[PDB]
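Taking it in order: structure first as structure tokens, then the write-up.
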Amino acid sequence: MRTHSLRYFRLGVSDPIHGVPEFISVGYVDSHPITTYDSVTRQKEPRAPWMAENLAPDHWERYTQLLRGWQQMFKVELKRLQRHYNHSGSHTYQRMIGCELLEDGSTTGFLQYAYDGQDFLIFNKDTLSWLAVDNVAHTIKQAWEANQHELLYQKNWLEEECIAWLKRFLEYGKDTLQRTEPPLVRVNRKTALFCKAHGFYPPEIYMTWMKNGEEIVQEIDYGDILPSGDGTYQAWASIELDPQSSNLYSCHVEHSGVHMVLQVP
Amino acid sequence: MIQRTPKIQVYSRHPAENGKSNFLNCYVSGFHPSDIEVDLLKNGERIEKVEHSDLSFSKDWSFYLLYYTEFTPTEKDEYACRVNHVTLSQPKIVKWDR
Amino acid sequence: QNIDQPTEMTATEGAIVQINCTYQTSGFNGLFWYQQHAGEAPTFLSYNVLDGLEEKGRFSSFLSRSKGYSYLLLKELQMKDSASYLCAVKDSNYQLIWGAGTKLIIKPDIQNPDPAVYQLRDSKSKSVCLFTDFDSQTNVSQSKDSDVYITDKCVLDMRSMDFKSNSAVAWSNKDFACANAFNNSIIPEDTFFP
Amino acid sequence: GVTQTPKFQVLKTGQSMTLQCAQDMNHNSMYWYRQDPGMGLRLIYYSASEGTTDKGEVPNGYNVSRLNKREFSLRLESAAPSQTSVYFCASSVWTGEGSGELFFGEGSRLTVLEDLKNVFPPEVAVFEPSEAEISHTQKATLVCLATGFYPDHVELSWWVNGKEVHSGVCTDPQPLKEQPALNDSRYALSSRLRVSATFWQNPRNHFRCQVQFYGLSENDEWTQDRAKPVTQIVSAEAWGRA
Ligand SMILES: *[C@@H](C)CN1C(=O)CN(C[C@H](O)[C@H](O)[C@H](O)CO)c2[nH]c(=O)[nH]c(=O)c21
């Protein structure tokens, strides 16, 4: 297989605009949203058909109740931060928890929080400690590190529960998460050389240009991997054609364990 | 409390060929906070039936969105995306340079 | 989804007892032990979520997530430790699953047994016989005739005198005498009937 | 701590009943459990946070109301014998925590009966220490008996010279039945208080055995001629002797 990830984000806004919810929690597997909850609907729902097809209603009922309390937890946490920061107005509290299952079977886990989109606190499941970015975080870290039991529980969930959850979802959406659609790669002229690739999943891809067999990272203008909106992705990389000279340029693409090369005449 | 302004890319689902129905995508990414407003312009005119993904989150605490609408390209038509954000006083327009 | 722990365990005063617990749950998010005395509120004792032994005073708690097994260990048992110990496990949905519990009985260390049966007369003249001071090894069985009543072993603590003794009460209306009281039980041979 | 009322209650099949529970600890989660012999605690309903409640494992015949952050009330819209149990209210700081431990109330014992006709307060008698025991052990052992009471809603205490004593006391944890054959049998319970024979021989010493019985409440209709078995205290006493 490839590497797969399970992530769970929470967003809190102190002064919501009409409609803009004051709590949103969305779950992802790799890049696919699987779950969503917000302060308005106040209920948790799947965002992928294979999530609903495979999870009993009592599951959604149960986690809906949990998220309601977690939404309340988040509201209070954000208040204390704003009080600590002596901040007023609208402010954002965020938290991302998740794990990775690698190709070789090794696992990773992470947990971190952010205030106004700023790295605030980062957990370390290998030292059972928190990393504070400023004094306000350290004050929170002092308290959080007190309940040594919670840190231990954190480690267990990240290392075991998260992976078990992620493995479960991988099978549930096998036909989508574990699929592969190879990219279609073409070369253009614009005057530079555009090596474009479209319609490929998974989204992770590597593209680069070679000068007769030697890469030039500095003089290559890469494009972002954008979503085509049909379930696949697209990306491109350009290079400047030296007019006073003439070399043999070639486009190289790596995607889902396949290496592919195109050569310019 | 540093804000991040959105990154607006305009492009199409598949390579553009006039006369064949395609999809036009506006990908607004890497902005903060989450309050954003996006519209798709047909020669400067708003497009009513425009769909968009739900808000989505990035590892670096930013957010991203995909506004997309069905269309058929013509050499006569020029297409661009209009986005307003808290980090923008003047709403920004990004043309689709194919 | 089940939790398994013994029903009753009896251990001697000052000894060590190890209450076992085995769990099978969809996910695991920690294993708790609660103490709950007779007719009392349960109280938290220990939480384990990673493998290994955790020690705190006389009590110690061990978890083996792989083996789906845990145990509460009580050292230097005291009479005050007689209670029920509740094994509870949190599942993948944070739902807390309670075991049936284990009732712990601490036998006092009868230092100088003085087995004997005495008769007490009604303050406002039934009548009762008292089996007291016997060794903790002895056990008392129910009566042989309905309409004849006996209570279980009972341990009192005269904390002022640092003295503890066992006792049981038998009474009836019939015919009924203190010598015939406890015939259904294995009584010490040197028991004294005045 | 966690306060839940009442400690005891007697209900006739088909009655309505509500249990009060409040927590001083500024917790967000509260729980209602029923503990029954043979099996572990079973959750009835739970309030993961203020303004939200959900069924537990056995939500039939019960309902709950998260009145505020502090109170979580449990209702029996119609009582049933299959509802006779001990109900514990608990709270925790949050749900979804790993190490979040529970905080239990004192517990509420309910006994639901077809009719209140069989509710009888205990009869309490006290037996003076045996003469043989005093001269053999230098210690006086008293015995107290509560007979013919129903249901098992008693709390036995010893009161030497007007102050409750705890040292040298042993009360049966399980009250045995007078007529074990019947399931509607009266219960009987015994207790022992032991003191130095010096204490017993002093006639200026007053010993009282108190049995607190929880029976019919203030708005319980009573008809039959025999006196209402309301919640009450029955005691028997004795003084020192030669
Ligand atoms: C809905 C089923 C998605 N979930 C989860 O399944 C669980 N989860 C993890 C939870 O935060 C921790 O394990 C616990 O608090 C200890 O750190 C979760 N978390 C979210 O923040 N949002 C979610 O939607 C979920």
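In the structure tokens, chains take letters A, B, ... by order of appearance, with residues numbered from 1 within each chain and ligands from 1 in the order shown.
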
Counting only C-alpha atoms, what are the residues of chain C within 9 Å of chain D, and for each of them which pair of atoms is the nearest and at what distance in Å, to one decimal? Sort the table by chain and rising number, as JSON lines.
```
{"residue": "C:7", "atom": "CA", "partner": "D:38", "partner_atom": "CA", "distance": 8.9}
{"residue": "C:29", "atom": "CA", "partner": "D:98", "partner_atom": "CA", "distance": 6.0}
{"residue": "C:30", "atom": "CA", "partner": "D:98", "partner_atom": "CA", "distance": 6.4}
{"residue": "C:31", "atom": "CA", "partner": "D:99", "partner_atom": "CA", "distance": 8.9}
{"residue": "C:32", "atom": "CA", "partner": "D:101", "partner_atom": "CA", "distance": 8.2}
{"residue": "C:38", "atom": "CA", "partner": "D:173", "partner_atom": "CA", "distance": 7.2}
{"residue": "C:39", "atom": "CA", "partner": "D:107", "partner_atom": "CA", "distance": 8.1}
{"residue": "C:40", "atom": "CA", "partner": "D:106", "partner_atom": "CA", "distance": 6.4}
{"residue": "C:41", "atom": "CA", "partner": "D:106", "partner_atom": "CA", "distance": 5.2}
{"residue": "C:42", "atom": "CA", "partner": "D:104", "partner_atom": "CA", "distance": 6.3}
{"residue": "C:43", "atom": "CA", "partner": "D:103", "partner_atom": "CA", "distance": 7.0}
{"residue": "C:44", "atom": "CA", "partner": "D:101", "partner_atom": "CA", "distance": 6.6}
{"residue": "C:47", "atom": "CA", "partner": "D:99", "partner_atom": "CA", "distance": 6.6}
{"residue": "C:48", "atom": "CA", "partner": "D:99", "partner_atom": "CA", "distance": 8.4}
{"residue": "C:49", "atom": "CA", "partner": "D:98", "partner_atom": "CA", "distance": 8.2}
{"residue": "C:86", "atom": "CA", "partner": "D:40", "partner_atom": "CA", "distance": 8.0}
{"residue": "C:90", "atom": "CA", "partner": "D:98", "partner_atom": "CA", "distance": 7.8}
{"residue": "C:93", "atom": "CA", "partner": "D:96", "partner_atom": "CA", "distance": 8.0}
{"residue": "C:94", "atom": "CA", "partner": "D:96", "partner_atom": "CA", "distance": 5.5}
{"residue": "C:95", "atom": "CA", "partner": "D:96", "partner_atom": "CA", "distance": 8.4}
{"residue": "C:97", "atom": "CA", "partner": "D:41", "partner_atom": "CA", "distance": 8.4}
{"residue": "C:98", "atom": "CA", "partner": "D:40", "partner_atom": "CA", "distance": 5.4}
{"residue": "C:99", "atom": "CA", "partner": "D:40", "partner_atom": "CA", "distance": 5.1}
{"residue": "C:100", "atom": "CA", "partner": "D:40", "partner_atom": "CA", "distance": 3.9}
{"residue": "C:101", "atom": "CA", "partner": "D:40", "partner_atom": "CA", "distance": 6.4}
{"residue": "C:114", "atom": "CA", "partner": "D:137", "partner_atom": "CA", "distance": 8.6}
{"residue": "C:116", "atom": "CA", "partner": "D:133", "partner_atom": "CA", "distance": 8.5}
{"residue": "C:117", "atom": "CA", "partner": "D:133", "partner_atom": "CA", "distance": 8.7}
{"residue": "C:118", "atom": "CA", "partner": "D:130", "partner_atom": "CA", "distance": 5.9}
{"residue": "C:119", "atom": "CA", "partner": "D:130", "partner_atom": "CA", "distance": 5.6}
{"residue": "C:120", "atom": "CA", "partner": "D:130", "partner_atom": "CA", "distance": 5.0}
{"residue": "C:121", "atom": "CA", "partner": "D:127", "partner_atom": "CA", "distance": 5.7}
{"residue": "C:122", "atom": "CA", "partner": "D:127", "partner_atom": "CA", "distance": 5.0}
{"residue": "C:123", "atom": "CA", "partner": "D:127", "partner_atom": "CA", "distance": 5.4}
{"residue": "C:124", "atom": "CA", "partner": "D:125", "partner_atom": "CA", "distance": 7.8}
{"residue": "C:127", "atom": "CA", "partner": "D:127", "partner_atom": "CA", "distance": 8.1}
{"residue": "C:128", "atom": "CA", "partner": "D:127", "partner_atom": "CA", "distance": 7.9}
{"residue": "C:130", "atom": "CA", "partner": "D:143", "partner_atom": "CA", "distance": 8.2}
{"residue": "C:132", "atom": "CA", "partner": "D:141", "partner_atom": "CA", "distance": 8.9}
{"residue": "C:146", "atom": "CA", "partner": "D:179", "partner_atom": "CA", "distance": 7.9}
{"residue": "C:147", "atom": "CA", "partner": "D:178", "partner_atom": "CA", "distance": 7.6}
{"residue": "C:149", "atom": "CA", "partner": "D:178", "partner_atom": "CA", "distance": 8.0}
{"residue": "C:150", "atom": "CA", "partner": "D:176", "partner_atom": "CA", "distance": 8.8}
{"residue": "C:151", "atom": "CA", "partner": "D:172", "partner_atom": "CA", "distance": 7.2}
{"residue": "C:152", "atom": "CA", "partner": "D:172", "partner_atom": "CA", "distance": 7.2}
{"residue": "C:153", "atom": "CA", "partner": "D:172", "partner_atom": "CA", "distance": 8.4}
{"residue": "C:154", "atom": "CA", "partner": "D:170", "partner_atom": "CA", "distance": 6.0}
{"residue": "C:155", "atom": "CA", "partner": "D:170", "partner_atom": "CA", "distance": 6.1}
{"residue": "C:156", "atom": "CA", "partner": "D:168", "partner_atom": "CA", "distance": 5.0}
{"residue": "C:157", "atom": "CA", "partner": "D:168", "partner_atom": "CA", "distance": 4.6}
{"residue": "C:158", "atom": "CA", "partner": "D:168", "partner_atom": "CA", "distance": 4.2}
{"residue": "C:159", "atom": "CA", "partner": "D:167", "partner_atom": "CA", "distance": 6.1}
{"residue": "C:160", "atom": "CA", "partner": "D:167", "partner_atom": "CA", "distance": 7.8}
{"residue": "C:161", "atom": "CA", "partner": "D:196", "partner_atom": "CA", "distance": 8.8}
{"residue": "C:163", "atom": "CA", "partner": "D:168", "partner_atom": "CA", "distance": 8.9}
{"residue": "C:164", "atom": "CA", "partner": "D:168", "partner_atom": "CA", "distance": 8.2}
{"residue": "C:167", "atom": "CA", "partner": "D:192", "partner_atom": "CA", "distance": 8.3}
{"residue": "C:168", "atom": "CA", "partner": "D:192", "partner_atom": "CA", "distance": 8.8}
{"residue": "C:169", "atom": "CA", "partner": "D:190", "partner_atom": "CA", "distance": 7.2}
{"residue": "C:194", "atom": "CA", "partner": "D:132", "partner_atom": "CA", "distance": 7.0}
```

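Neighbours of region 29-40 of chain B closer than or equal to 6 Å, with only C-alpha atoms counted and sequence neighbours fewer than 3 positions away skipped, come out as residues 3, 4, 5, 6, 7, 46, 47, 62, 63, 64, 81, 82, 83, 84 and 85 of chain B.
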
Quiz prompt | Within 8 Å of ligand 1, counting only C-alpha atoms and all ligand atoms, residues as a PyMOL selection string | solution = (chain A and resi 8-10+25-27+35-37+44+59-60+63-64+67+70+95-97+153-154+157-158+161-162+165) or (chain C and resi 93) or (chain D and resi 96-98)

Exercise. Could you jot down the CA of residue 70 (chain D) to CA of residue 44 (chain D) separation for me, Å, one decimal place?
Key: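 About the pair CA of residue 70 (chain D) and CA of residue 44 (chain D): they are 18.4 Å apart.
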
Quiz item: Residues of chain D within 12 Å of chain A, using only C-alpha atoms, as a list in words?
Solution: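 Going by the stated atoms only, the list reads residues 27, 28, 29, 30, 46, 47, 48, 49, 50, 51, 52, 53, 54, 55, 56, 57, 69, 92, 93, 94, 95, 96, 97, 98, 99, 100 and 101 of chain D.
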
Output C-alpha atoms for every residue in the selection just made, as a PDB file, in the first residue's frame.
```
ATOM      1  CA  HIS D  27     -18.534  19.495  36.188  1.00  0.00           C
ATOM      2  CA  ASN D  28     -20.129  19.256  32.764  1.00  0.00           C
ATOM      3  CA  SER D  29     -21.039  15.564  32.603  1.00  0.00           C
ATOM      4  CA  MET D  30     -23.560  13.804  34.830  1.00  0.00           C
ATOM      5  CA  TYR D  46     -26.387  10.561  30.798  1.00  0.00           C
ATOM      6  CA  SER D  47     -25.865  14.286  30.181  1.00  0.00           C
ATOM      7  CA  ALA D  48     -22.561  14.722  28.353  1.00  0.00           C
ATOM      8  CA  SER D  49     -22.825  18.487  28.875  1.00  0.00           C
ATOM      9  CA  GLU D  50     -25.308  21.197  29.761  1.00  0.00           C
ATOM     10  CA  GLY D  51     -28.419  21.220  27.591  1.00  0.00           C
ATOM     11  CA  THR D  52     -27.981  17.730  26.164  1.00  0.00           C
ATOM     12  CA  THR D  53     -29.103  14.279  27.322  1.00  0.00           C
ATOM     13  CA  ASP D  54     -29.105  10.806  25.798  1.00  0.00           C
ATOM     14  CA  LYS D  55     -30.281   7.307  26.623  1.00  0.00           C
ATOM     15  CA  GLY D  56     -27.887   4.951  28.333  1.00  0.00           C
ATOM     16  CA  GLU D  57     -28.011   1.168  28.362  1.00  0.00           C
ATOM     17  CA  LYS D  69     -24.981  22.818  34.800  1.00  0.00           C
ATOM     18  CA  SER D  92     -17.225  13.915  35.768  1.00  0.00           C
ATOM     19  CA  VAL D  93     -15.413  16.976  34.474  1.00  0.00           C
ATOM     20  CA  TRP D  94     -15.998  16.001  30.831  1.00  0.00           C
ATOM     21  CA  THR D  95     -16.986  13.046  28.703  1.00  0.00           C
ATOM     22  CA  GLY D  96     -14.510  11.751  26.163  1.00  0.00           C
ATOM     23  CA  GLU D  97     -11.613  12.239  28.556  1.00  0.00           C
ATOM     24  CA  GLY D  98      -9.410   9.240  29.081  1.00  0.00           C
ATOM     25  CA  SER D  99      -8.587   9.581  32.760  1.00  0.00           C
ATOM     26  CA  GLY D 100     -11.769  11.442  33.628  1.00  0.00           C
ATOM     27  CA  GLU D 101     -12.850   9.657  36.790  1.00  0.00           C
TER      28      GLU D 101
END
```

Self-check item: Residue hits in chain B, query chain A, radius 8 Å, only C-alpha atoms, as a VMD selection string
Solution: chain B and resid 1 to 3 12 to 14 25 27 32 to 33 35 56 to 57 59 to 62 66 68

Selection to disk with N, CA, C and O atoms, as a PDB file, in the first residue's frame:
```
ATOM      1  N   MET B   1      -1.570  36.393  15.780  1.00  0.00           N
ATOM      2  CA  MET B   1      -2.800  36.897  15.178  1.00  0.00           C
ATOM      3  C   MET B   1      -2.559  37.390  13.749  1.00  0.00           C
ATOM      4  O   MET B   1      -3.346  38.169  13.211  1.00  0.00           O
ATOM      5  N   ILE B   2      -1.465  36.936  13.137  1.00  0.00           N
ATOM      6  CA  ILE B   2      -1.169  37.317  11.762  1.00  0.00           C
ATOM      7  C   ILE B   2      -2.135  36.605  10.824  1.00  0.00           C
ATOM      8  O   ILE B   2      -2.288  35.376  10.875  1.00  0.00           O
ATOM      9  N   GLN B   3      -2.805  37.377   9.973  1.00  0.00           N
ATOM     10  CA  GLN B   3      -3.712  36.793   9.002  1.00  0.00           C
ATOM     11  C   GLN B   3      -2.945  36.354   7.764  1.00  0.00           C
ATOM     12  O   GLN B   3      -1.831  36.810   7.492  1.00  0.00           O
ATOM     13  N   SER B  12      -9.445  24.898 -15.284  1.00  0.00           N
ATOM     14  CA  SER B  12     -10.537  24.043 -15.713  1.00  0.00           C
ATOM     15  C   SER B  12     -10.248  22.589 -15.361  1.00  0.00           C
ATOM     16  O   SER B  12      -9.089  22.169 -15.263  1.00  0.00           O
ATOM     17  N   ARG B  13     -11.327  21.829 -15.162  1.00  0.00           N
ATOM     18  CA  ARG B  13     -11.211  20.415 -14.824  1.00  0.00           C
ATOM     19  C   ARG B  13     -10.342  19.672 -15.830  1.00  0.00           C
ATOM     20  O   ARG B  13      -9.382  18.986 -15.460  1.00  0.00           O
ATOM     21  N   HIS B  14     -10.663  19.807 -17.108  1.00  0.00           N
ATOM     22  CA  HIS B  14      -9.924  19.191 -18.194  1.00  0.00           C
ATOM     23  C   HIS B  14      -9.421  20.275 -19.134  1.00  0.00           C
ATOM     24  O   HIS B  14      -9.928  21.403 -19.124  1.00  0.00           O
ATOM     25  N   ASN B  25     -12.828  25.900 -12.387  1.00  0.00           N
ATOM     26  CA  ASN B  25     -12.525  25.766 -10.970  1.00  0.00           C
ATOM     27  C   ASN B  25     -11.818  27.015 -10.466  1.00  0.00           C
ATOM     28  O   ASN B  25     -10.894  27.520 -11.113  1.00  0.00           O
ATOM     29  N   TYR B  27      -9.875  27.834  -7.012  1.00  0.00           N
ATOM     30  CA  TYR B  27      -9.329  27.185  -5.823  1.00  0.00           C
ATOM     31  C   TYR B  27      -8.754  28.270  -4.921  1.00  0.00           C
ATOM     32  O   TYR B  27      -7.672  28.802  -5.188  1.00  0.00           O
ATOM     33  N   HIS B  32      -6.765  32.916   6.183  1.00  0.00           N
ATOM     34  CA  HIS B  32      -7.140  32.941   7.592  1.00  0.00           C
ATOM     35  C   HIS B  32      -7.648  34.319   8.011  1.00  0.00           C
ATOM     36  O   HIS B  32      -6.994  35.327   7.712  1.00  0.00           O
ATOM     37  N   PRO B  33      -8.785  34.413   8.723  1.00  0.00           N
ATOM     38  CA  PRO B  33      -9.679  33.336   9.192  1.00  0.00           C
ATOM     39  C   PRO B  33     -10.576  32.702   8.119  1.00  0.00           C
ATOM     40  O   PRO B  33     -10.328  32.815   6.922  1.00  0.00           O
ATOM     41  N   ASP B  35     -13.782  33.226   7.247  1.00  0.00           N
ATOM     42  CA  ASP B  35     -14.835  33.999   6.600  1.00  0.00           C
ATOM     43  C   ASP B  35     -14.358  34.397   5.211  1.00  0.00           C
ATOM     44  O   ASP B  35     -13.467  35.241   5.075  1.00  0.00           O
ATOM     45  N   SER B  56     -12.578  23.370   4.222  1.00  0.00           N
ATOM     46  CA  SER B  56     -11.677  22.283   4.562  1.00  0.00           C
ATOM     47  C   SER B  56     -10.419  22.862   5.191  1.00  0.00           C
ATOM     48  O   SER B  56     -10.069  24.021   4.956  1.00  0.00           O
ATOM     49  N   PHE B  57      -9.747  22.041   5.996  1.00  0.00           N
ATOM     50  CA  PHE B  57      -8.658  22.475   6.859  1.00  0.00           C
ATOM     51  C   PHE B  57      -7.321  21.924   6.385  1.00  0.00           C
ATOM     52  O   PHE B  57      -7.240  20.815   5.847  1.00  0.00           O
ATOM     53  N   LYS B  59      -2.989  21.341   7.250  1.00  0.00           N
ATOM     54  CA  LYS B  59      -2.089  21.014   8.351  1.00  0.00           C
ATOM     55  C   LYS B  59      -1.556  22.267   9.031  1.00  0.00           C
ATOM     56  O   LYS B  59      -1.313  22.256  10.242  1.00  0.00           O
ATOM     57  N   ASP B  60      -1.367  23.352   8.273  1.00  0.00           N
ATOM     58  CA  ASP B  60      -0.776  24.582   8.785  1.00  0.00           C
ATOM     59  C   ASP B  60      -1.818  25.553   9.321  1.00  0.00           C
ATOM     60  O   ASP B  60      -1.557  26.761   9.373  1.00  0.00           O
ATOM     61  N   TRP B  61      -2.992  25.057   9.703  1.00  0.00           N
ATOM     62  CA  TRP B  61      -4.061  25.803  10.361  1.00  0.00           C
ATOM     63  C   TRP B  61      -4.822  26.726   9.416  1.00  0.00           C
ATOM     64  O   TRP B  61      -5.746  27.397   9.875  1.00  0.00           O
ATOM     65  N   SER B  62      -4.468  26.799   8.133  1.00  0.00           N
ATOM     66  CA  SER B  62      -5.230  27.581   7.169  1.00  0.00           C
ATOM     67  C   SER B  62      -6.428  26.778   6.658  1.00  0.00           C
ATOM     68  O   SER B  62      -6.681  25.645   7.080  1.00  0.00           O
ATOM     69  N   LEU B  66     -13.099  25.118  -2.813  1.00  0.00           N
ATOM     70  CA  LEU B  66     -13.157  24.957  -4.262  1.00  0.00           C
ATOM     71  C   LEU B  66     -14.533  25.367  -4.760  1.00  0.00           C
ATOM     72  O   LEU B  66     -15.518  24.651  -4.549  1.00  0.00           O
ATOM     73  N   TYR B  68     -16.726  25.863  -8.107  1.00  0.00           N
ATOM     74  CA  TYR B  68     -16.696  25.292  -9.444  1.00  0.00           C
ATOM     75  C   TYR B  68     -18.088  25.379 -10.050  1.00  0.00           C
ATOM     76  O   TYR B  68     -19.094  25.325  -9.339  1.00  0.00           O
TER      77      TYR B  68
END
```

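The space separating CA of residue 163 (chain D) from CA of residue 212 (chain D) comes to 15.5 Å.
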
Practice problem: Quick one: pick out all alpha helix (DSSP H) residues within region 88-248 of chain A from a backbone DSSP run and write them as an MDAnalysis selection string. | Solution: chainID A and resid 135:146 148:156 162:172 174:177

Self-check item: Those of region 9-92 of chain B in DSSP strand (DSSP E or B), formatted as a ChimeraX atom specification
Solution: /B:9-12,22-32,36-42,45-46,51-52,56-57,63-71,79-85,92

Restrict the selected residues to N, CA and C atoms and save them as a short mmCIF file (atom, residue, chain, number, x, y, z; two decimals), in the first residue's frame.
```cif
data_model
loop_
_atom_site.label_atom_id
_atom_site.label_comp_id
_atom_site.auth_asym_id
_atom_site.auth_seq_id
_atom_site.Cartn_x
_atom_site.Cartn_y
_atom_site.Cartn_z
N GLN B 9 -6.53 30.51 -7.58
CA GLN B 9 -6.16 29.93 -8.87
C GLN B 9 -7.42 29.65 -9.68
N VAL B 10 -7.37 30.01 -10.96
CA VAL B 10 -8.48 29.80 -11.88
C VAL B 10 -8.01 28.86 -12.98
N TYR B 11 -8.78 27.81 -13.22
CA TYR B 11 -8.40 26.77 -14.18
C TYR B 11 -9.63 25.93 -14.46
N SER B 12 -9.44 24.90 -15.28
CA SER B 12 -10.54 24.04 -15.71
C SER B 12 -10.25 22.59 -15.36
N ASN B 22 -17.19 21.91 -20.26
CA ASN B 22 -16.16 21.63 -19.26
C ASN B 22 -16.57 22.17 -17.90
N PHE B 23 -15.64 22.18 -16.96
CA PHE B 23 -15.85 22.72 -15.63
C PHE B 23 -14.76 23.73 -15.33
N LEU B 24 -15.15 24.86 -14.75
CA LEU B 24 -14.21 25.91 -14.38
C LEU B 24 -14.07 25.92 -12.86
N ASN B 25 -12.83 25.90 -12.39
CA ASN B 25 -12.52 25.77 -10.97
C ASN B 25 -11.82 27.02 -10.47
N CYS B 26 -12.28 27.52 -9.32
CA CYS B 26 -11.59 28.55 -8.57
C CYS B 26 -11.18 27.93 -7.24
N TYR B 27 -9.87 27.83 -7.01
CA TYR B 27 -9.33 27.18 -5.82
C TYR B 27 -8.75 28.27 -4.92
N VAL B 28 -9.48 28.60 -3.86
CA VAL B 28 -9.03 29.58 -2.88
C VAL B 28 -8.45 28.81 -1.70
N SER B 29 -7.18 29.06 -1.41
CA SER B 29 -6.43 28.24 -0.46
C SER B 29 -5.56 29.12 0.42
N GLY B 30 -5.23 28.58 1.60
CA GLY B 30 -4.24 29.18 2.48
C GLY B 30 -4.61 30.52 3.08
N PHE B 31 -5.86 30.71 3.46
CA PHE B 31 -6.33 31.97 4.00
C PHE B 31 -6.77 31.80 5.45
N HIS B 32 -6.77 32.92 6.18
CA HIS B 32 -7.14 32.94 7.59
C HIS B 32 -7.65 34.32 8.01
N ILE B 36 -14.94 33.79 4.17
CA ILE B 36 -14.58 34.11 2.80
C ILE B 36 -15.83 34.19 1.94
N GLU B 37 -15.68 34.87 0.80
CA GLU B 37 -16.77 35.13 -0.13
C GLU B 37 -16.21 35.06 -1.54
N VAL B 38 -16.76 34.16 -2.35
CA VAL B 38 -16.23 33.88 -3.68
C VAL B 38 -17.38 33.85 -4.68
N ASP B 39 -17.15 34.42 -5.86
CA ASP B 39 -18.10 34.38 -6.96
C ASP B 39 -17.35 34.15 -8.27
N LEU B 40 -18.06 33.58 -9.24
CA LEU B 40 -17.50 33.28 -10.56
C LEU B 40 -18.10 34.24 -11.58
N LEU B 41 -17.24 34.84 -12.40
CA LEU B 41 -17.65 35.91 -13.30
C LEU B 41 -17.59 35.43 -14.75
N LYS B 42 -18.70 35.56 -15.45
CA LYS B 42 -18.77 35.33 -16.90
C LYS B 42 -18.70 36.70 -17.57
N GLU B 45 -19.86 39.20 -15.19
CA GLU B 45 -21.18 38.99 -14.63
C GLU B 45 -21.17 37.78 -13.70
N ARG B 46 -21.86 37.91 -12.57
CA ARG B 46 -21.92 36.81 -11.61
C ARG B 46 -22.67 35.62 -12.21
N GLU B 51 -21.51 25.99 -7.52
CA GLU B 51 -21.34 25.08 -6.39
C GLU B 51 -19.96 25.24 -5.78
N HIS B 52 -19.83 24.76 -4.55
CA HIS B 52 -18.56 24.83 -3.85
C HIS B 52 -18.48 23.70 -2.85
N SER B 56 -12.58 23.37 4.22
CA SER B 56 -11.68 22.28 4.56
C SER B 56 -10.42 22.86 5.19
N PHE B 57 -9.75 22.04 6.00
CA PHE B 57 -8.66 22.47 6.86
C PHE B 57 -7.32 21.92 6.39
N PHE B 63 -7.18 27.37 5.72
CA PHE B 63 -8.34 26.72 5.13
C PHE B 63 -8.28 26.84 3.61
N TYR B 64 -9.05 25.99 2.94
CA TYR B 64 -9.13 26.03 1.48
C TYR B 64 -10.53 25.63 1.03
N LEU B 65 -10.90 26.13 -0.15
CA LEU B 65 -12.22 25.95 -0.72
C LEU B 65 -12.10 25.77 -2.22
N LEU B 66 -13.10 25.12 -2.81
CA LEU B 66 -13.16 24.96 -4.26
C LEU B 66 -14.53 25.37 -4.76
N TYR B 67 -14.60 26.51 -5.42
CA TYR B 67 -15.79 26.93 -6.13
C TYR B 67 -15.67 26.47 -7.58
N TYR B 68 -16.73 25.86 -8.11
CA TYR B 68 -16.70 25.29 -9.44
C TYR B 68 -18.09 25.38 -10.05
N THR B 69 -18.14 25.52 -11.37
CA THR B 69 -19.41 25.58 -12.07
C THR B 69 -19.23 25.03 -13.48
N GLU B 70 -20.29 24.41 -13.98
CA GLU B 70 -20.26 23.88 -15.33
C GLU B 70 -20.27 25.01 -16.35
N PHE B 71 -19.65 24.77 -17.50
CA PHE B 71 -19.59 25.79 -18.53
C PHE B 71 -19.03 25.18 -19.81
N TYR B 79 -13.04 34.44 -18.57
CA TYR B 79 -13.56 33.98 -17.29
C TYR B 79 -12.59 34.32 -16.17
N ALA B 80 -13.14 34.78 -15.04
CA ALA B 80 -12.33 35.18 -13.90
C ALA B 80 -13.09 34.94 -12.60
N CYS B 81 -12.34 34.90 -11.50
CA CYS B 81 -12.86 34.62 -10.17
C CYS B 81 -12.72 35.86 -9.29
N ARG B 82 -13.78 36.18 -8.54
CA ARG B 82 -13.80 37.32 -7.62
C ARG B 82 -13.89 36.80 -6.19
N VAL B 83 -12.94 37.20 -5.35
CA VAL B 83 -12.86 36.77 -3.96
C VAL B 83 -12.69 37.99 -3.07
N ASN B 84 -13.51 38.07 -2.02
CA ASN B 84 -13.34 39.08 -0.99
C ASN B 84 -13.00 38.40 0.33
N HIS B 85 -12.07 39.00 1.06
CA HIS B 85 -11.61 38.46 2.33
C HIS B 85 -11.37 39.59 3.31
N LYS B 92 -10.61 40.90 -4.89
CA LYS B 92 -9.61 40.56 -5.89
C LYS B 92 -10.22 39.72 -7.00
#
```
